[PDB]
Amino acid sequence: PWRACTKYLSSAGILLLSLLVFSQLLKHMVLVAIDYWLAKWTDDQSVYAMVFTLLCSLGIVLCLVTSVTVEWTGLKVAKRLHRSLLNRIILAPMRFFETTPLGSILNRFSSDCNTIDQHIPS
Amino acid sequence: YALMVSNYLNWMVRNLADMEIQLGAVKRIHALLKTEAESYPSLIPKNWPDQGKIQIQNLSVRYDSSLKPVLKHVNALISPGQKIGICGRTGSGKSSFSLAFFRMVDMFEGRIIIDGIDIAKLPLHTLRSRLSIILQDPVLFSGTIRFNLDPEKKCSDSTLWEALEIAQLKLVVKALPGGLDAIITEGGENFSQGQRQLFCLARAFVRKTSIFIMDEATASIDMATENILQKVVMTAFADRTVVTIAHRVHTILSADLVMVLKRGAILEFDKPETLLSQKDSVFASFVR
């Protein structure tokens, strides 16, 4: 289902996608950095403690950033996809509505839009 | 880190299995997103004429692309302000005729013309604000009476009261809480079938399109009420030529120009009393 992932990420835009990827990578880098600064800390103790505190603050800030970013991206992609789907089914011909079961067209808005709204972000 | 690598591993594979299933939803949403769309101004600035004179030359229609045709060599003409009817058995091609009149079927050949205008240079928003229609299946979506009569909310309260008075519905509307603001549900048991057809007629009246298409306004209606409904619709429509289609004897008898729908084609007749007795009451009288 890689094409679905491509279509989902493309509906976010390069700005939000790049911000999300950068925030995730840098947050995990700051995590490993503080866990390594611990080992270098163990053996000027004030300097070590100060740098450790600075890196932990950097880590919590970066993690808050990445969380808010993933949630904002989820909301934006939900909005864009729902609008595009509603507009592309408004322009549909009548033979499409006669051939396609009403249950499927209602289910795409009933269950899958709920999925994209609630489960895909988390 | 090597101690807790295992939690990461199994949590990650669980999340991947949980991710592909949920991403299938986005996949099928994008699959439905790619459905075909209908391609929706010299005759537009000129207001639509009330002259109901129309002409269909060499009309044919097919439901699907490259399938069996529905009509074959259909040619007809309708004079201004003249009531017209169309008879035929089930699957004869009257509903397909109405659909081709509203550019619904996308595989139609020939030249349909409504007062020198066709569907070659007009978008849908202009092609539908010119003619009215009352389908065989009446529906009353939720909202208020002002939302059922005119969802566009462009007409005035006097116009809606007049449309309800003409459609024989003002007395039952005045007996609702608020007035023109009763909370209606989707279908349900808030209004009778006759009241639903009356709401459809009021919508046709507020449309003011000057061209009416009555598609089986008789089915699922009692005769004692359908007769009065047809009488009211005939007394209110003295102009704005109407094209009716039904299986009732009196409804087809009251129309002037009637086209008997054959197996694959149609045969028109201008005078009703002429064709109702010229065939010796075999194909137009006893059938109707």
# chains A, B, ... in the order shown; residues from 1 in each chain; ligands from 1
call {"tool": "interface_residues", "arguments": {"of": "chain A", "to": "chain B", "cutoff": "6 Å", "atoms": "only C-alpha atoms", "output": "mmCIF file with N, CA and C atoms, in the first residue's frame"}}
result
data_model
loop_
_atom_site.group_PDB
_atom_site.id
_atom_site.type_symbol
_atom_site.label_atom_id
_atom_site.label_comp_id
_atom_site.auth_asym_id
_atom_site.auth_seq_id
_atom_site.Cartn_x
_atom_site.Cartn_y
_atom_site.Cartn_z
ATOM 1 N N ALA A 4 -0.816 4.496 -1.324
ATOM 2 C CA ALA A 4 -1.664 5.184 -0.358
ATOM 3 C C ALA A 4 -0.845 6.109 0.531
ATOM 4 N N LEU A 85 -12.613 14.801 -1.836
ATOM 5 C CA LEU A 85 -13.528 13.695 -2.102
ATOM 6 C C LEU A 85 -14.955 14.193 -2.319
ATOM 7 N N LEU A 91 -19.190 16.233 -8.737
ATOM 8 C CA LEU A 91 -19.056 16.329 -10.186
ATOM 9 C C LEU A 91 -19.269 14.998 -10.904
ATOM 10 N N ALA A 92 -19.679 13.946 -10.197
ATOM 11 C CA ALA A 92 -19.816 12.630 -10.803
ATOM 12 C C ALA A 92 -21.086 12.543 -11.649
ATOM 13 N N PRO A 93 -21.053 11.780 -12.741
ATOM 14 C CA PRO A 93 -22.249 11.634 -13.580
ATOM 15 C C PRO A 93 -23.297 10.767 -12.899
ATOM 16 N N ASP A 112 -14.198 5.457 6.584
ATOM 17 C CA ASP A 112 -12.810 5.703 6.209
ATOM 18 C C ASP A 112 -12.389 7.137 6.508
#
call {"tool": "select_by_dssp", "arguments": {"residues": "range 14-253 of chain B", "states": "alpha helix (DSSP H)", "output": "PyMOL selection string"}}
result
chain B and resi 14-32+94-101+124-128+145-149+157-166+170-174+193-207+223-236+249-253
call {"tool": "residues_around", "arguments": {"residues": "residue 27 in chain A", "least_positions_apart": "6", "cutoff": "10 Å", "atoms": "only C-alpha atoms", "output": "compact mmCIF listing (two decimals) with N, CA and C atoms, in the first residue's frame"}}
result
# COMPACT_ATOMS: atom_id res chain seq x y z
N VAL A 21 9.44 15.25 9.35
CA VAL A 21 10.58 14.34 9.24
C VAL A 21 11.78 14.91 9.97
N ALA A 33 21.77 11.64 21.99
CA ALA A 33 22.81 12.56 22.45
C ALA A 33 22.80 12.69 23.97
N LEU A 58 16.45 20.90 25.52
CA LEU A 58 16.37 20.79 24.06
C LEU A 58 15.53 19.59 23.65
N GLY A 59 15.70 18.46 24.35
CA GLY A 59 14.95 17.26 24.00
C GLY A 59 13.46 17.41 24.22
N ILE A 60 13.05 17.97 25.36
CA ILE A 60 11.62 18.11 25.61
C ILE A 60 11.01 19.11 24.63
N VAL A 61 11.75 20.16 24.28
CA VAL A 61 11.23 21.12 23.30
C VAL A 61 11.07 20.45 21.94
N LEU A 62 12.07 19.67 21.52
CA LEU A 62 12.00 19.01 20.23
C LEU A 62 10.88 17.98 20.18
N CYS A 63 10.62 17.30 21.29
CA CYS A 63 9.55 16.31 21.33
C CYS A 63 8.17 16.98 21.28
N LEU A 64 7.99 18.07 22.03
CA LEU A 64 6.75 18.83 21.91
C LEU A 64 6.54 19.30 20.47
N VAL A 65 7.62 19.76 19.82
CA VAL A 65 7.54 20.18 18.42
C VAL A 65 7.04 19.03 17.55
N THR A 66 7.66 17.86 17.67
CA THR A 66 7.31 16.76 16.78
C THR A 66 5.88 16.28 17.02
call {"tool": "residues_around", "arguments": {"residues": "range 130-144 of chain B", "least_positions_apart": "5", "cutoff": "6 Å", "atoms": "only C-alpha atoms", "output": "short mmCIF file (atom, residue, chain, number, x, y, z; two decimals) with N, CA, C and O atoms, in the first residue's frame"}}
result
data_model
loop_
_atom_site.label_atom_id
_atom_site.label_comp_id
_atom_site.auth_asym_id
_atom_site.auth_seq_id
_atom_site.Cartn_x
_atom_site.Cartn_y
_atom_site.Cartn_z
N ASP B 181 -41.57 26.98 9.23
CA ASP B 181 -40.37 26.65 9.98
C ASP B 181 -40.52 25.35 10.77
O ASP B 181 -39.80 25.16 11.77
N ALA B 182 -41.42 24.46 10.37
CA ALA B 182 -41.57 23.19 11.06
C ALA B 182 -40.37 22.29 10.80
O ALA B 182 -39.86 22.22 9.68
N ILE B 183 -39.93 21.59 11.85
CA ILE B 183 -38.76 20.71 11.76
C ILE B 183 -39.22 19.41 11.12
O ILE B 183 -39.88 18.58 11.76
N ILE B 184 -38.87 19.22 9.85
CA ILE B 184 -39.23 18.01 9.11
C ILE B 184 -38.05 17.05 9.12
O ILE B 184 -36.88 17.47 9.17
N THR B 185 -38.35 15.76 9.08
CA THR B 185 -37.35 14.72 9.01
C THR B 185 -37.33 14.11 7.61
O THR B 185 -38.23 14.34 6.80
N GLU B 186 -36.29 13.33 7.34
CA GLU B 186 -36.16 12.66 6.05
C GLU B 186 -37.30 11.67 5.85
O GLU B 186 -37.36 10.63 6.52
N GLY B 187 -38.21 11.99 4.93
CA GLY B 187 -39.39 11.16 4.72
C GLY B 187 -40.27 11.08 5.95
O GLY B 187 -40.91 12.06 6.33
N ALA B 204 -41.75 23.01 -8.08
CA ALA B 204 -41.84 23.31 -9.50
C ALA B 204 -42.39 24.72 -9.74
O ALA B 204 -41.97 25.41 -10.68
N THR B 209 -39.27 28.01 -14.13
CA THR B 209 -38.41 27.70 -15.26
C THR B 209 -39.13 27.78 -16.60
O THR B 209 -38.47 27.74 -17.64
N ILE B 211 -40.68 25.68 -18.24
CA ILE B 211 -40.72 24.40 -18.94
C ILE B 211 -40.79 23.31 -17.88
O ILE B 211 -39.84 23.11 -17.12
N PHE B 212 -41.92 22.60 -17.82
CA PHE B 212 -42.16 21.59 -16.81
C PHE B 212 -42.13 20.20 -17.43
O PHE B 212 -42.62 19.99 -18.54
N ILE B 213 -41.55 19.24 -16.70
CA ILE B 213 -41.51 17.84 -17.10
C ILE B 213 -42.11 17.03 -15.95
O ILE B 213 -41.51 16.95 -14.87
N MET B 214 -43.28 16.44 -16.18
CA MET B 214 -43.97 15.65 -15.17
C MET B 214 -43.68 14.18 -15.42
O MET B 214 -44.20 13.59 -16.38
N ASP B 215 -42.85 13.58 -14.57
CA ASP B 215 -42.42 12.19 -14.73
C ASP B 215 -43.18 11.32 -13.73
O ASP B 215 -42.73 11.09 -12.60
N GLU B 216 -44.36 10.84 -14.15
CA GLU B 216 -45.16 9.89 -13.38
C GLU B 216 -45.53 10.44 -12.00
O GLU B 216 -45.14 9.91 -10.96
N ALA B 217 -46.29 11.54 -12.01
CA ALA B 217 -46.83 12.11 -10.79
C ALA B 217 -48.10 11.40 -10.32
O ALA B 217 -48.80 11.93 -9.45
#
call {"tool": "residues_around", "arguments": {"residues": "residue 262 in chain B", "least_positions_apart": "2", "cutoff": "9 Å", "atoms": "only C-alpha atoms", "output": "PDB file with C-alpha atoms, in the first residue's frame"}}
result
ATOM      1  CA  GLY B  88     -45.513   3.481 -23.690  1.00  0.00           C
ATOM      2  CA  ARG B  89     -45.058   0.305 -21.675  1.00  0.00           C
ATOM      3  CA  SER B  92     -40.061   1.710 -23.652  1.00  0.00           C
ATOM      4  CA  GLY B  93     -37.819   4.773 -23.366  1.00  0.00           C
ATOM      5  CA  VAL B 260     -46.425   5.997 -28.821  1.00  0.00           C
ATOM      6  CA  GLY B 264     -36.972   0.566 -30.339  1.00  0.00           C
ATOM      7  CA  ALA B 265     -38.400   3.763 -31.822  1.00  0.00           C
ATOM      8  CA  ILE B 266     -41.291   6.207 -31.349  1.00  0.00           C
ATOM      9  CA  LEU B 267     -44.284   7.233 -33.463  1.00  0.00           C
TER      10      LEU B 267
END
call {"tool": "atom_distance", "arguments": {"atom1": "CA of residue 54 in chain A", "atom2": "CA of residue 32 in chain A"}}
result
14.3 Å
call {"tool": "closest_residue", "arguments": {"among": "A:11, A:87, A:122, A:57", "to": "residue 34 in chain A", "atoms": "only C-alpha atoms"}}
result
A:57
call {"tool": "select_by_dssp", "arguments": {"residues": "range 56-223 of chain B", "states": "strand (DSSP E)", "output": "mmCIF file with N, CA and C atoms, in the first residue's frame"}}
result
data_model
loop_
_atom_site.group_PDB
_atom_site.id
_atom_site.type_symbol
_atom_site.label_atom_id
_atom_site.label_comp_id
_atom_site.auth_asym_id
_atom_site.auth_seq_id
_atom_site.Cartn_x
_atom_site.Cartn_y
_atom_site.Cartn_z
ATOM 1 N N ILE B 56 -36.471 17.826 -31.567
ATOM 2 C CA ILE B 56 -35.466 16.779 -31.407
ATOM 3 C C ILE B 56 -35.331 16.073 -32.750
ATOM 4 N N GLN B 57 -34.176 16.233 -33.391
ATOM 5 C CA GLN B 57 -33.916 15.689 -34.716
ATOM 6 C C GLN B 57 -32.947 14.517 -34.607
ATOM 7 N N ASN B 58 -33.394 13.346 -35.073
ATOM 8 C CA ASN B 58 -32.561 12.147 -35.200
ATOM 9 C C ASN B 58 -31.899 11.776 -33.873
ATOM 10 N N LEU B 59 -32.718 11.634 -32.834
ATOM 11 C CA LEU B 59 -32.220 11.404 -31.486
ATOM 12 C C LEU B 59 -32.049 9.914 -31.218
ATOM 13 N N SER B 60 -30.895 9.551 -30.661
ATOM 14 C CA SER B 60 -30.633 8.202 -30.182
ATOM 15 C C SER B 60 -29.878 8.303 -28.865
ATOM 16 N N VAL B 61 -30.013 7.274 -28.034
ATOM 17 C CA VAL B 61 -29.425 7.299 -26.698
ATOM 18 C C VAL B 61 -28.999 5.890 -26.315
ATOM 19 N N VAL B 74 -35.272 9.152 -33.345
ATOM 20 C CA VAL B 74 -36.333 9.875 -32.651
ATOM 21 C C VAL B 74 -36.356 11.307 -33.168
ATOM 22 N N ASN B 75 -37.472 11.696 -33.780
ATOM 23 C CA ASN B 75 -37.669 13.048 -34.286
ATOM 24 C C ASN B 75 -39.043 13.538 -33.856
ATOM 25 N N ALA B 76 -39.086 14.714 -33.235
ATOM 26 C CA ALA B 76 -40.345 15.262 -32.750
ATOM 27 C C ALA B 76 -40.228 16.776 -32.650
ATOM 28 N N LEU B 77 -41.387 17.430 -32.596
ATOM 29 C CA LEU B 77 -41.470 18.873 -32.435
ATOM 30 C C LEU B 77 -42.635 19.199 -31.514
ATOM 31 N N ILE B 78 -42.454 20.217 -30.676
ATOM 32 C CA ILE B 78 -43.453 20.617 -29.692
ATOM 33 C C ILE B 78 -43.704 22.111 -29.841
ATOM 34 N N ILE B 84 -48.144 18.342 -23.792
ATOM 35 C CA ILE B 84 -47.678 17.169 -24.520
ATOM 36 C C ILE B 84 -47.581 15.992 -23.559
ATOM 37 N N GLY B 85 -47.890 14.797 -24.064
ATOM 38 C CA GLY B 85 -47.757 13.589 -23.285
ATOM 39 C C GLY B 85 -46.983 12.539 -24.058
ATOM 40 N N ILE B 86 -46.487 11.549 -23.320
ATOM 41 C CA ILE B 86 -45.726 10.450 -23.902
ATOM 42 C C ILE B 86 -46.154 9.161 -23.214
ATOM 43 N N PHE B 108 -25.610 10.076 -25.903
ATOM 44 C CA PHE B 108 -26.716 10.462 -26.766
ATOM 45 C C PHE B 108 -26.192 11.036 -28.076
ATOM 46 N N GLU B 109 -26.795 10.603 -29.181
ATOM 47 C CA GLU B 109 -26.504 11.132 -30.503
ATOM 48 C C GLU B 109 -27.742 11.831 -31.050
ATOM 49 N N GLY B 110 -27.523 12.727 -32.004
ATOM 50 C CA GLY B 110 -28.598 13.527 -32.558
ATOM 51 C C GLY B 110 -28.567 14.954 -32.054
ATOM 52 N N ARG B 111 -29.613 15.700 -32.410
ATOM 53 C CA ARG B 111 -29.679 17.128 -32.098
ATOM 54 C C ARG B 111 -30.971 17.442 -31.349
ATOM 55 N N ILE B 112 -30.867 17.645 -30.041
ATOM 56 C CA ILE B 112 -31.970 18.168 -29.244
ATOM 57 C C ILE B 112 -31.837 19.682 -29.192
ATOM 58 N N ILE B 113 -32.961 20.389 -29.305
ATOM 59 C CA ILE B 113 -32.954 21.845 -29.385
ATOM 60 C C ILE B 113 -34.157 22.388 -28.628
ATOM 61 N N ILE B 114 -33.898 23.287 -27.679
ATOM 62 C CA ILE B 114 -34.952 23.977 -26.945
ATOM 63 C C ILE B 114 -34.886 25.459 -27.284
ATOM 64 N N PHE B 212 -41.921 22.603 -17.821
ATOM 65 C CA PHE B 212 -42.158 21.586 -16.807
ATOM 66 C C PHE B 212 -42.130 20.196 -17.429
ATOM 67 N N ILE B 213 -41.552 19.244 -16.703
ATOM 68 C CA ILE B 213 -41.513 17.841 -17.101
ATOM 69 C C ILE B 213 -42.105 17.034 -15.955
ATOM 70 N N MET B 214 -43.277 16.442 -16.180
ATOM 71 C CA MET B 214 -43.971 15.652 -15.168
ATOM 72 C C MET B 214 -43.681 14.176 -15.424
ATOM 73 N N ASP B 215 -42.853 13.578 -14.569
ATOM 74 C CA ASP B 215 -42.424 12.188 -14.728
ATOM 75 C C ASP B 215 -43.184 11.325 -13.725
#
call {"tool": "atom_distance", "arguments": {"atom1": "CA of residue 259 in chain B", "atom2": "CA of residue 87 in chain B"}}
result
6.4 Å
call {"tool": "atom_distance", "arguments": {"atom1": "CA of residue 237 in chain B", "atom2": "CA of residue 145 in chain B"}}
result
23.2 Å
call {"tool": "decode", "arguments": {"residues": "range 179-209 of chain B", "atoms": "N, CA, C and O atoms", "output": "PDB file, in the first residue's frame"}}
result
ATOM      1  N   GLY B 179     -44.727  28.311  11.546  1.00  0.00           N
ATOM      2  CA  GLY B 179     -45.111  28.721  10.210  1.00  0.00           C
ATOM      3  C   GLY B 179     -43.923  28.791   9.275  1.00  0.00           C
ATOM      4  O   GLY B 179     -43.006  29.592   9.488  1.00  0.00           O
ATOM      5  N   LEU B 180     -43.925  27.950   8.240  1.00  0.00           N
ATOM      6  CA  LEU B 180     -42.817  27.822   7.294  1.00  0.00           C
ATOM      7  C   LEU B 180     -41.501  27.474   7.985  1.00  0.00           C
ATOM      8  O   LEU B 180     -40.425  27.650   7.405  1.00  0.00           O
ATOM      9  N   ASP B 181     -41.568  26.978   9.227  1.00  0.00           N
ATOM     10  CA  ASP B 181     -40.366  26.647   9.982  1.00  0.00           C
ATOM     11  C   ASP B 181     -40.515  25.350  10.773  1.00  0.00           C
ATOM     12  O   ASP B 181     -39.805  25.160  11.769  1.00  0.00           O
ATOM     13  N   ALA B 182     -41.416  24.460  10.368  1.00  0.00           N
ATOM     14  CA  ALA B 182     -41.574  23.190  11.062  1.00  0.00           C
ATOM     15  C   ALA B 182     -40.373  22.288  10.801  1.00  0.00           C
ATOM     16  O   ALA B 182     -39.856  22.220   9.683  1.00  0.00           O
ATOM     17  N   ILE B 183     -39.927  21.594  11.847  1.00  0.00           N
ATOM     18  CA  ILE B 183     -38.764  20.712  11.761  1.00  0.00           C
ATOM     19  C   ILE B 183     -39.222  19.407  11.116  1.00  0.00           C
ATOM     20  O   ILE B 183     -39.877  18.582  11.755  1.00  0.00           O
ATOM     21  N   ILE B 184     -38.873  19.215   9.847  1.00  0.00           N
ATOM     22  CA  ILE B 184     -39.231  18.010   9.109  1.00  0.00           C
ATOM     23  C   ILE B 184     -38.049  17.055   9.120  1.00  0.00           C
ATOM     24  O   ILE B 184     -36.885  17.468   9.171  1.00  0.00           O
ATOM     25  N   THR B 185     -38.351  15.763   9.076  1.00  0.00           N
ATOM     26  CA  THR B 185     -37.345  14.715   9.007  1.00  0.00           C
ATOM     27  C   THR B 185     -37.329  14.111   7.610  1.00  0.00           C
ATOM     28  O   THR B 185     -38.227  14.344   6.796  1.00  0.00           O
ATOM     29  N   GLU B 186     -36.286  13.328   7.337  1.00  0.00           N
ATOM     30  CA  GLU B 186     -36.158  12.659   6.048  1.00  0.00           C
ATOM     31  C   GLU B 186     -37.302  11.672   5.850  1.00  0.00           C
ATOM     32  O   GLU B 186     -37.356  10.635   6.519  1.00  0.00           O
ATOM     33  N   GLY B 187     -38.214  11.985   4.931  1.00  0.00           N
ATOM     34  CA  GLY B 187     -39.390  11.163   4.720  1.00  0.00           C
ATOM     35  C   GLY B 187     -40.265  11.082   5.953  1.00  0.00           C
ATOM     36  O   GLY B 187     -40.914  12.062   6.330  1.00  0.00           O
ATOM     37  N   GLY B 188     -40.290   9.910   6.587  1.00  0.00           N
ATOM     38  CA  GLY B 188     -41.010   9.755   7.835  1.00  0.00           C
ATOM     39  C   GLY B 188     -42.518   9.805   7.650  1.00  0.00           C
ATOM     40  O   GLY B 188     -43.061   9.479   6.590  1.00  0.00           O
ATOM     41  N   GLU B 189     -43.202  10.224   8.710  1.00  0.00           N
ATOM     42  CA  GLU B 189     -44.655  10.331   8.733  1.00  0.00           C
ATOM     43  C   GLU B 189     -45.084  11.740   9.116  1.00  0.00           C
ATOM     44  O   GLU B 189     -46.037  11.937   9.875  1.00  0.00           O
ATOM     45  N   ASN B 190     -44.380  12.745   8.595  1.00  0.00           N
ATOM     46  CA  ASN B 190     -44.730  14.135   8.855  1.00  0.00           C
ATOM     47  C   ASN B 190     -45.723  14.689   7.843  1.00  0.00           C
ATOM     48  O   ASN B 190     -46.497  15.593   8.178  1.00  0.00           O
ATOM     49  N   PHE B 191     -45.718  14.168   6.618  1.00  0.00           N
ATOM     50  CA  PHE B 191     -46.646  14.593   5.582  1.00  0.00           C
ATOM     51  C   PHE B 191     -47.052  13.388   4.747  1.00  0.00           C
ATOM     52  O   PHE B 191     -46.261  12.464   4.536  1.00  0.00           O
ATOM     53  N   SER B 192     -48.295  13.407   4.270  1.00  0.00           N
ATOM     54  CA  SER B 192     -48.817  12.302   3.482  1.00  0.00           C
ATOM     55  C   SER B 192     -48.195  12.299   2.086  1.00  0.00           C
ATOM     56  O   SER B 192     -47.498  13.234   1.680  1.00  0.00           O
ATOM     57  N   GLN B 193     -48.454  11.216   1.346  1.00  0.00           N
ATOM     58  CA  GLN B 193     -47.933  11.105  -0.014  1.00  0.00           C
ATOM     59  C   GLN B 193     -48.477  12.217  -0.903  1.00  0.00           C
ATOM     60  O   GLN B 193     -47.738  12.799  -1.709  1.00  0.00           O
ATOM     61  N   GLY B 194     -49.770  12.521  -0.775  1.00  0.00           N
ATOM     62  CA  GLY B 194     -50.327  13.654  -1.494  1.00  0.00           C
ATOM     63  C   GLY B 194     -49.675  14.963  -1.100  1.00  0.00           C
ATOM     64  O   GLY B 194     -49.403  15.813  -1.950  1.00  0.00           O
ATOM     65  N   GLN B 195     -49.402  15.140   0.196  1.00  0.00           N
ATOM     66  CA  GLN B 195     -48.697  16.335   0.643  1.00  0.00           C
ATOM     67  C   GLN B 195     -47.276  16.386   0.093  1.00  0.00           C
ATOM     68  O   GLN B 195     -46.775  17.470  -0.220  1.00  0.00           O
ATOM     69  N   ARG B 196     -46.619  15.231  -0.047  1.00  0.00           N
ATOM     70  CA  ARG B 196     -45.277  15.213  -0.628  1.00  0.00           C
ATOM     71  C   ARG B 196     -45.307  15.600  -2.102  1.00  0.00           C
ATOM     72  O   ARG B 196     -44.465  16.382  -2.567  1.00  0.00           O
ATOM     73  N   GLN B 197     -46.270  15.063  -2.856  1.00  0.00           N
ATOM     74  CA  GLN B 197     -46.421  15.480  -4.246  1.00  0.00           C
ATOM     75  C   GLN B 197     -46.776  16.959  -4.347  1.00  0.00           C
ATOM     76  O   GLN B 197     -46.350  17.637  -5.290  1.00  0.00           O
ATOM     77  N   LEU B 198     -47.537  17.479  -3.381  1.00  0.00           N
ATOM     78  CA  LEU B 198     -47.859  18.902  -3.378  1.00  0.00           C
ATOM     79  C   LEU B 198     -46.623  19.748  -3.097  1.00  0.00           C
ATOM     80  O   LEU B 198     -46.465  20.831  -3.668  1.00  0.00           O
ATOM     81  N   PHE B 199     -45.740  19.272  -2.216  1.00  0.00           N
ATOM     82  CA  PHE B 199     -44.471  19.964  -1.997  1.00  0.00           C
ATOM     83  C   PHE B 199     -43.616  19.949  -3.260  1.00  0.00           C
ATOM     84  O   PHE B 199     -42.951  20.941  -3.583  1.00  0.00           O
ATOM     85  N   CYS B 200     -43.619  18.828  -3.987  1.00  0.00           N
ATOM     86  CA  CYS B 200     -42.898  18.774  -5.258  1.00  0.00           C
ATOM     87  C   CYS B 200     -43.473  19.770  -6.263  1.00  0.00           C
ATOM     88  O   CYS B 200     -42.726  20.455  -6.976  1.00  0.00           O
ATOM     89  N   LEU B 201     -44.803  19.866  -6.329  1.00  0.00           N
ATOM     90  CA  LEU B 201     -45.433  20.830  -7.226  1.00  0.00           C
ATOM     91  C   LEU B 201     -45.124  22.263  -6.806  1.00  0.00           C
ATOM     92  O   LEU B 201     -44.955  23.142  -7.657  1.00  0.00           O
ATOM     93  N   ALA B 202     -45.043  22.518  -5.498  1.00  0.00           N
ATOM     94  CA  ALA B 202     -44.682  23.852  -5.026  1.00  0.00           C
ATOM     95  C   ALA B 202     -43.241  24.191  -5.382  1.00  0.00           C
ATOM     96  O   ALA B 202     -42.927  25.344  -5.701  1.00  0.00           O
ATOM     97  N   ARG B 203     -42.348  23.199  -5.324  1.00  0.00           N
ATOM     98  CA  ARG B 203     -40.981  23.406  -5.794  1.00  0.00           C
ATOM     99  C   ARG B 203     -40.962  23.741  -7.280  1.00  0.00           C
ATOM    100  O   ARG B 203     -40.247  24.655  -7.714  1.00  0.00           O
ATOM    101  N   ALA B 204     -41.746  23.010  -8.077  1.00  0.00           N
ATOM    102  CA  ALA B 204     -41.838  23.314  -9.503  1.00  0.00           C
ATOM    103  C   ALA B 204     -42.387  24.718  -9.739  1.00  0.00           C
ATOM    104  O   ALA B 204     -41.970  25.406 -10.677  1.00  0.00           O
ATOM    105  N   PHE B 205     -43.324  25.157  -8.895  1.00  0.00           N
ATOM    106  CA  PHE B 205     -43.902  26.490  -9.046  1.00  0.00           C
ATOM    107  C   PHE B 205     -42.883  27.573  -8.710  1.00  0.00           C
ATOM    108  O   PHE B 205     -42.737  28.555  -9.447  1.00  0.00           O
ATOM    109  N   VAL B 206     -42.169  27.411  -7.592  1.00  0.00           N
ATOM    110  CA  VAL B 206     -41.156  28.385  -7.206  1.00  0.00           C
ATOM    111  C   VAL B 206     -39.957  28.356  -8.143  1.00  0.00           C
ATOM    112  O   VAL B 206     -39.173  29.313  -8.170  1.00  0.00           O
ATOM    113  N   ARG B 207     -39.788  27.277  -8.915  1.00  0.00           N
ATOM    114  CA  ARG B 207     -38.689  27.225  -9.875  1.00  0.00           C
ATOM    115  C   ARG B 207     -38.848  28.291 -10.953  1.00  0.00           C
ATOM    116  O   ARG B 207     -37.877  28.966 -11.314  1.00  0.00           O
ATOM    117  N   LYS B 208     -40.068  28.456 -11.474  1.00  0.00           N
ATOM    118  CA  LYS B 208     -40.368  29.455 -12.503  1.00  0.00           C
ATOM    119  C   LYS B 208     -39.480  29.272 -13.732  1.00  0.00           C
ATOM    120  O   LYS B 208     -38.990  30.239 -14.319  1.00  0.00           O
ATOM    121  N   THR B 209     -39.273  28.015 -14.125  1.00  0.00           N
ATOM    122  CA  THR B 209     -38.411  27.702 -15.258  1.00  0.00           C
ATOM    123  C   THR B 209     -39.133  27.780 -16.597  1.00  0.00           C
ATOM    124  O   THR B 209     -38.467  27.736 -17.639  1.00  0.00           O
TER     125      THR B 209
END
